[PDB]
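Chains as they are written, first to last, in the numbering used here: chain A, 59 to 74; chain B, 619 to 1306; chain C, 10 to 107; chain D, 485 to 662; chain E, 7 to 104. Using N, Cα and C, we set each Cβ at its ideal position, and we do this for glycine too. Heads up, the thing below is written out as structure tokens.
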Amino acid sequence: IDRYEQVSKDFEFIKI
Amino acid sequence: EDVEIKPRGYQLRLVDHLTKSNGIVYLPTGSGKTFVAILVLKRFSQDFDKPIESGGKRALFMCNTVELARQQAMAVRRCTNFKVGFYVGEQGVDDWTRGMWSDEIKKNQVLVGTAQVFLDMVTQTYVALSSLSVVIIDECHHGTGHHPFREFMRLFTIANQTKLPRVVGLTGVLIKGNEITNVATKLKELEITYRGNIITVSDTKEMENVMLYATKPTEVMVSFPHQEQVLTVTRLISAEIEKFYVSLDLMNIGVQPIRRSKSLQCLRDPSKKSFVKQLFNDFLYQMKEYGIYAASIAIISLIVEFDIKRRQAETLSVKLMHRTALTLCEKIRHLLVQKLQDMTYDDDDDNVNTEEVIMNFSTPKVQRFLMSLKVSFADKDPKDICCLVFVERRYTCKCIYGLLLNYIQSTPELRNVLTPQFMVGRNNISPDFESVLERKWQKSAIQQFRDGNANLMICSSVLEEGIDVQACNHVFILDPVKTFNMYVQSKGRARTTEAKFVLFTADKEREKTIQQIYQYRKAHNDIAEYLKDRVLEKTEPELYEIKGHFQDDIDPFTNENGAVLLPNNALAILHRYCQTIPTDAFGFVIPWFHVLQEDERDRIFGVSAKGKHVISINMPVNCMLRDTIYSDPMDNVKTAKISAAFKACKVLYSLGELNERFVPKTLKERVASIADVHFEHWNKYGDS
Amino acid sequence: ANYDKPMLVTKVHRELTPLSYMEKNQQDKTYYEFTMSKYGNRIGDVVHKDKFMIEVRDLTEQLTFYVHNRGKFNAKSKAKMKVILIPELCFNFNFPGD
Amino acid sequence: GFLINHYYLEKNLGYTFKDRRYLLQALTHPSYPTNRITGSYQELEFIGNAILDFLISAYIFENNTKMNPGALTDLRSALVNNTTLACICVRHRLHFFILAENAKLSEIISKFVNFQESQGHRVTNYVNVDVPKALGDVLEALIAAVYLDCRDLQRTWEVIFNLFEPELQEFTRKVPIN
Amino acid sequence: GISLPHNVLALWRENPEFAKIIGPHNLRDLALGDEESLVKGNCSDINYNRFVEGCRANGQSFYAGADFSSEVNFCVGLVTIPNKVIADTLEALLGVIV
RNA sequence: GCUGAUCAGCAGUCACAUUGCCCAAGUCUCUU
RNA sequence: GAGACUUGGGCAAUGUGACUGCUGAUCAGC
């Protein structure tokens, strides 16, 4: 694996 | 258009209800909940000035922790014209004689301190419950089981019933744990622990007036992808730690005290080895949860801790133990640093290289946390932001604080806006990454946060309760929320207008945490509606249920002088006495608690103890007790331990080792009992 | 990119196009494959692969210009990092750069 | 059971006990947990300190009549010093039989006996190494147990003189002054 | 062309006893929306009441007796200048005239 | 042969009340 | 350093509430 999978920048604050 | 604050309508109504009947006020955390306490204190201030021997009275502000007691003492001092004293264990209150307490109450009208100090003060007859006009208990939801709040309330069932003070309970949350189902039973139990019923605002005008200091922050969730695969360097580190544990089990340090489990059923490693194992297991947890870089900071923290332990160690073998642990930590650090450095071929610019390695060498949890931080405070004014980060473990605070320091001095936009800081609970971790013997930095983390120097607080459940902090714009619950009180109270930290409350949840765990938060909201709704709809004329629990609430445990013991030996204080009194017998540094040994086996129990107690637990206690060699006190046959091990300690303390009192106030006799009392027999001729010369 | 700062495009390279070899130190690497290997999991793919591309320069973040910024900048090394970008991959304001 | 190498201890001390519980109480440090029939040695060393002090003072008062009282009291204070008692206890190998279970106490005892073996059990200048008070205390308790067993101060004095003879002869030639 | 809300300015300037308790943390409570900032010009009734009660509560919290002027003076136009600076600027005006 | 009903035995699963161990967080007091 | 308190997670062992697999007994129908 050798690398943590990257995350996208399009996350948002979903209301709970 | 005025500076001085006036009491509102709801505060006056609460005071009017409290002055006639004692009760518990349940208001959201803020200035409303303390102003009502101050007003209640002012209401019962009629007999403050007159001394006790002339029928005077005092007031008692009993707090949960020491820092909260200090804050409340300061608030009462700066908001009222009275004079208040601060009474906690740091003062050395234990060795205060009768006179030093008498003149102490004589000076101060209001006494503020931790619950244990006042419990010991009352049980030793330094004051009587008839000597106090009013008792104020803040954060009263902590009073369950054998917490000192409930022990203090137990003293009301014994003393004179016509001389009882007023009990006022302040709380922002009524429940403590996750027992959110069947709210009515828990609330009734709490109302029976104290001597009143719960009161809270119910008029729409009253709620709108309350909302001028309380605020409902908007709460959001930030999902991140959870993954399970792990790196190879992690496997190498885990193998090294396994090998080190196998070697450490044969470390052969000097003879160590025997450590057993909570119920004495199973043996355990010596605490010196337990500390090393605990630190390394915590490091493995941080490495698994937050990534290679977080492990890089964690290993420096471990280096510092083991260096401090090695310097503080007294034995050569313990020093060798810590040397081996430090060597293993250094090898792990070199491995992690090599792994980090085996990426730098991407570019030469180090400033963005740091951000690149941090984002590539971290789990999606840390990456999403850092990205949310960046988009939250991109180019803002450092004075315009004030945020908290709640994480679970102690060393996670320091690990994230170091990671945030490195990340902040890596990004052009966050370099001059965020100033991270951290604090943890008791047994404070060392706040340095260099293990220097002394540093000239003195200002505490919480003081820096208050003064505006720091605006990024990484705390672990310490700042949820008690400690006064200013309104916070953002509150990041990085770790999953666990308890109803934590959710409700950390939600109260985001007290500023339009505040943001952010939850970080894994993808595989979104439904669970959503259902849990929905349950918490429902429980809050049930609390509100149950308080609103319930109507009761007597508004105070009766005598029969109050007596039935406290009657499960062992009955207390009182002598002719009025002193009370509480069975839950028996272990403390026993060990405190055993801490005074030795006359050397190496003469300290605690009583040996031994649980009797079936054959021995049948041989001693016969069939009258079949199916029940018994505890035998062996006192040290110096003590007069050498009779192996046996506990009464009890249901479970904890009760039997309490019974054995209670019997040992009673025998000690009968033998004269406890000075008719159930504290170990000091040397002055021992020679005072002899002054009139051997030094009688001194009196003709005016000397004693 | 993690660098969300706004920046100024100086000129457009009509003769340039994706799949072109990087001029310095990366002749074996093209703009397209480098973009996929660096942020391809974030963009998915590139559309209009044969169209033009842009060259951009960064702006200062400072707001006080009264004091001289004396220092050893190594201006040739500073200008060494030339940035060539795919147009559809960068958000475009209509606001003039000058 | 508790007393191992009993004959060695009796021979080195110079006394043969009739009742051995006095010896057990003399050797029992307060940190030893497994002795539940006799107390620690504090009770014995309380009596033994005074007995040894009186006997030393009587001997120096009877024999050392040449030296002025200022020197007599210095000799007395040097002969009943804790360091002197520790050196005597090590020299006679009484530290082997101490019943204790503390790690730091044992480490200090071992370091001190190692340092004393460097000097050949000679009393050095009032000794840079911590000296365990427990050694002097167990020697005093041993003297007390010897007295209580025989109920004869003359036999006790014989034991004390046999133990202290090198130090008595040396300190009567020079007076340790600090 | 940008300033504090009008009503909070009126309260701040027209109440000398009340002007010594407003601090940056009390200013955080004035999170105005687009409509308030752009058209209305001043904070709403609920925001105003929340802000003023927060300022009044400063008299009992750990902020009592503090000096927020060093971080909030620029909002009201005040500034602190050392006496030496005044003296040297008087002498500097003399010097330019000379 | 086929199905239902009752009843006993066992195994597996679900919930609850006890108990025990391990880990985590927070709190207090004694003592140097 | 010792002792104690409240809370949560994991696991195991007892009880008890429900169901299921399977077998036997008693009973009806075919």
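The beta carbon of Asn-11 (chain C) sits closer than 8 Å to some beta carbon of chain B. For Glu-64 (chain C), the enclosing beta strand (DSSP E) begins and ends at 62-66. Put simply, the CB of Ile-623 (chain B) is near chain E, with a gap under 8 Å to one of its CB atoms. It is roughly 24 Å from the alpha-carbon of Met-869 (chain B) to the alpha-carbon of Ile-918 (chain B). Taking the Cα positions, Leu-1285 (chain B) is about 13 Å away from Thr-715 (chain B). Residues of the segment 48-63 of chain C with a Cβ closer than 7 Å to any Cβ of chain A, in chain order: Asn-50, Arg-51. With a cut-off of 8 Å on Cβ pairs, the segment 1023-1041 of chain B is in contact with the segment 1054-1066 of chain B, counting three or more such pairs. Sequence-ordered contacts of the segment 1026-1044 of chain B with chain E are nonexistent [C-beta pairs closer than 9 Å]. Neighbours of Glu-70 (chain C) in chain B, taken as residues at a C-beta separation under 7 Å, are given in chain order as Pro-1030. In this structure, DSSP gives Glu-1147 (chain B) a helical state, which the three-state scheme calls helix. In the structure shown, the three-state DSSP call for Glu-809 (chain B) is helix.
Within the segment 848-876 of chain B, the runs of alpha helix (DSSP H) that reach at least 4 residues and sit entirely inside it are, in chain order, 850-866.
The residue among B:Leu-645, B:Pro-625, B:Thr-683 with its C-alpha nearest the C-alpha of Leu-657 (chain B) is B:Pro-625. CA-CA distance, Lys-1265 (chain B) to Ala-1293 (chain B), rounds to 31 Å. When Cβ-Cβ separations below 8 Å define contact, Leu-589 (chain D) makes contact with chain B. For the alpha helix (DSSP H) assignment, the uninterrupted runs of no fewer than 4 residues enclosed by the segment 570-657 of chain D are, from N- to C-terminal side, 587-602, 617-634, 637-655.
Per DSSP, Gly-1110 (chain B) is one residue of the alpha helix (DSSP H) stretching across 1102-1111. Fewer than three pairs of CB atoms, one per stretch, sit closer than 8 Å, so the segment 929-949 of chain B makes no contact with the segment 988-1005 of chain B. The residue from B:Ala-777, B:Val-1281, B:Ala-1290, B:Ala-1089 with its alpha-carbon nearest to that of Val-711 (chain B) is B:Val-1281. Closer than 8 Å to the CB of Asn-870 (chain B) there is not a single CB belonging to chain D. By the CB criterion at 8 Å, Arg-813 (chain B) and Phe-662 (chain B) fall outside the cutoff. Residues of the segment 927-947 of chain B whose Cβ lies closer than 9 Å to any Cβ of chain D, in chain order: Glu-932, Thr-933, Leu-934, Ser-935, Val-936.
Taking 8 Å as the cut-off, the beta carbon of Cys-1005 (chain B) is found closer than this to the beta carbon of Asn-1091 (chain B). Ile-1135 (chain B) belongs to the set of residues whose beta carbon lies under 8 Å from a beta carbon in chain A. Within chain B, the residues whose beta carbon sits less than 7 Å from that of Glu-585 (chain D) are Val-873, listed in sequence order. Taking a cut-off of 8 Å on C-beta distances, the segment 517-528 of chain D does not touch the segment 11-27 of chain E, as fewer than three cross pairs fall below it.
Closest by C-alpha distance to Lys-1150 (chain B), out of B:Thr-1029, B:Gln-629, B:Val-819, B:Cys-1267, is B:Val-819. Within the segment 828-839 of chain B, contact with chain A at the beta-carbon level (separation under 7 Å) is assigned to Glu-837, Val-838, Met-839.
Using a Cβ distance threshold of 8 Å, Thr-836 (chain B) and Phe-1119 (chain B) count as a contacting pair. Taking 7 Å as the Cβ-Cβ cut-off, the segment 1062-1084 of chain B approaches chain E at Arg-1068, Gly-1070, given in chain order. One finds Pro-514, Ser-515 in chain D with Cβ atoms closer than 7 Å to the Cβ of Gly-1205 (chain B), taken in chain order. The continuous beta strand (DSSP E) containing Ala-677 (chain B) extends over residues 676-681. Comparing alpha carbon positions, the residue from E:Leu-96, E:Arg-19, E:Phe-74 closest to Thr-86 (chain E) is E:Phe-74. Taking every protein chain shown into account, the CB of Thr-1123 (chain B) has 16 or more other CB atoms within 10 angstroms, so this residue is buried. Not one beta carbon of chain D lies nearer than 8 Å to the beta carbon of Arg-1194 (chain B). DSSP places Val-936 (chain B) in the helix class (H, G or I) of the three-state scheme.
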